[PDB]
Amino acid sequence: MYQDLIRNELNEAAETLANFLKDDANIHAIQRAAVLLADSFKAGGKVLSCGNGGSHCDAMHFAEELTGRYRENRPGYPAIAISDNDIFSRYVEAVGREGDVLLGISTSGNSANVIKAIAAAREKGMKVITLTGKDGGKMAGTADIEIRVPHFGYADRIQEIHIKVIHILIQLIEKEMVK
């Protein structure tokens, strides 16, 4: 008997996923994003990814997967995950290049680092794709493409959707690359 709590949480999960999936704007973001990353690689850009906490892993998986597939007969690295307040932005200034992208992940919409990164990303002439949650905090509308998770509680429920997105993104990029 914590059976309630458990079933509960998982319920919240199915809710949020359900809420996430009904809104068409969500489903579009995902598509344009997959498209934009993809174009970027073909034009030989890389994507810098970052996020805090639980979100940092999501940002690694993202880049490891992509670098896993596209390193072959291509220079540099396709994806790099910002190895962790100015910690993601100094890296952006360190290596970012016009035409590269910046995938910042913040469940809350409020992460100082990601906001500084985003700023340094605009300075470098880089496109910005964010993975957010709640009202999309202070980052709300700074991104070339926000994929926002209609959850208003703890990060949990947002992260979980984040990872599915990151997953589906990898697939969509693939079918874009083989094309």
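Note that residue numbering follows the sequence shown and begins at 1.
Novice: Going by the PDB record, how many residues of the deposited sequence fall between residue 84 and residue 85 without any coordinates: none, 1 to 3, 4 to 9, or 10 or more?
Specialist: Per the record, 10 or more deposited residues are absent between residue 84 and residue 85.
Novice: Between 32-40 and 127-135, which has the higher average C-alpha B-factor in the PDB entry?
Specialist: Higher mean C-alpha B-factor: 32-40.
Novice: Looking at the deposited entry, does 97-105 or 72-80 carry the larger mean Cα B-factor?
Specialist: Between 97-105 and 72-80, it is 72-80.
Novice: Using only the C-alpha B-factors in the record, can you name which of 114, 48, 145, 27 has the highest?
Specialist: Max CA B-factor in the entry, restricted to 114, 48, 145, 27: 27.
Novice: Grab the CA temperature factor for residue 67 from the record and place it in the lowest, middle or highest third of its chain.
Specialist: Highest third of the chain for residue 67's C-alpha B-factor.
Novice: Going by the recorded CA B-factors, say which third of the chain residue 160 sits in, lowest, middle or highest.
Specialist: For residue 160, whose C-alpha B-factor we compare with every modelled residue in the chain, the answer is the lowest third.
Novice: Divide the modelled residues of the chain into thirds by Cα B-factor and specify which third, lowest, middle or highest, holds residue 21.
Specialist: Answer is highest: the recorded C-alpha B-factor places it there.
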